[PDB]
Structures are given as structure tokens and as C-alpha cells.
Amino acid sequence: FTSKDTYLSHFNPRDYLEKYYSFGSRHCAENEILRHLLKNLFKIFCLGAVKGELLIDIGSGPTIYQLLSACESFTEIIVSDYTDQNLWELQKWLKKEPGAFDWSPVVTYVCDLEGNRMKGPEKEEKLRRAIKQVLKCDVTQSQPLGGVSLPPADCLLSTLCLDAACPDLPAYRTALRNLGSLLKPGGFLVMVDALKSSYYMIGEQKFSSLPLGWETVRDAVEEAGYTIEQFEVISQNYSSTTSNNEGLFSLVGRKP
């Protein structure tokens, strides 16, 4: 199983973004998954009771797509990742640097989803404004943010991270417990991840995944104490040879 060290030495943020999040003419399977992810996140953050002051995103990588609807419902956002170069790629975009990844097509799509009450540049400004901190994190640690003093979060978000970070089910359960240390009683856990995937690719670079069915995900989350408020299966697959996933899931849990 892919180690933490392999992420540091092999994960190329710009390549990752180009292959999965360009929302262009190529990578059509990847485009379809992204549309569905954005639809589910819109419903989770804009149509429900998932709102509050502070949201902490765990394992953000170099991406912001998972935060676009969230910033309508949360005033403060903290993003975090294990991999230093991912955080720097994120910063390129936050600081509006030349050469930052083009998120426009994604931003436009979310604006469309939210009824066009807002144009692209306004949405991008609002997200930049909401993101308060960009921090190192390690989900495998009892104190995932290195024990920095932060208020307990109203929402804990993690997309496409836990399957990649956990070599087996005991490790997956431990990571779930670890994340809970950051969340208020009554707070929301929002999770997205691949189903039944044992790997994903960034070009030639292969990264491990823990293959889990939706029932197994449900049980692990429920055994961690969460009341599952929402759970959806996304029945789309990544491109052949890109992953062996059979769909993805999204879920909303509430901490007792």
C-alpha cells in the first residue's frame, strides 16, 4: 500500500489537476464524475441543514471544487493536506498568481447549479475570502492538525482522501476517530470517496486505495458514533486503467 513518503516523492499536483479537474474535451469519464460530485455537494451544502461558522477540509490536495458550494454555508474555511507541494499549488490559486490552475469551467458549473445568483469572479472572491488557513495535516495521527489550537469545527469535510490514506479497515476506522477530535458535538461530517477501488493513477504514477463497498462505509461511520443523515451512491466509474472503482459515495453524518 502507498506510504505517506510516496505521496511526498511522487504526487504531482498540476498533473493531478490536469487529468481529473480540467473539465475539458478529454477525460470524459472524469468530467462525468466531477459533475455528479458538484451536484451532490451543492445539495449537501445549499439545500440542507449543513451550515455553520467553521469548516475544516481534510486532505484537500490541490483542489477547491469541493469548497465552492460550502462557502455559501460557512464563513470560515480551513484547508489541509499531508503533501507540501499540494498546499503550494493551492496557494497559487488563492493568491491569484499567474500559472494558477484554471478553475473557471468548474466555478461556472457551480454558479449554474446555484441558480446564477452569482457570476464566476464573485464566487471565486467569496471562496478566497472564506479560506482562513492552509495547514499541514496527517489523518493517521490522533491530533490530525499537529495539535494546533483551533475551535472545534461545525463541519468536517474530506473528499477522496481516506481511501487513499488508509491501508486497511482498522486504519480507516482509526482515521475516522482521529477526524472526530476536530469536530463539535452536533457537528457534521461530510465525506466523499471511491467505492471498491484498489488504485488510482496520475499518468504513470500508481497510488493505492482501500476497496470498500457502500455498506462497509456506512457501518464504519455508524460505528464511529455518527447518525447518517444523508447517503448517496454515484454510479459512475473513472476511465478504464485510471482506476478500478465501481462508483463513488457521498454522505452526511452528525456527531452525537
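Throughout, we count residues from 1 along the sequence that is shown.
- The question of which stretch, 193 to 201 or 56 to 64, has the higher mean Cα B factor is settled in favour of 56 to 64.
- The mean C-alpha temperature factor is higher for 86 to 94 when 86 to 94 and 153 to 161 are set side by side.
- Note on 113, 135, 169, 175: the highest value goes to 113, judged by CA B factor as recorded.
- Of the residues listed, 242, 9, 25, 237, the entry assigns the biggest Cα temperature factor to 25.
- In this PDB entry, residue 71 carries a Cα temperature factor that places it within the highest third of its chain's modelled residues.
- Residue 51: CA B factor lies in the highest third for its chain, per the PDB record.
- When the CA B factors of the chain's modelled residues are split into thirds, the value for residue 141 lands in the middle one.
- Sorting the modelled residues of the chain by their CA temperature factor places residue 214 in the lowest third.
- Compared with the other modelled residues of the chain, the Cα B-factor recorded for residue 207 ranks in the lowest third.
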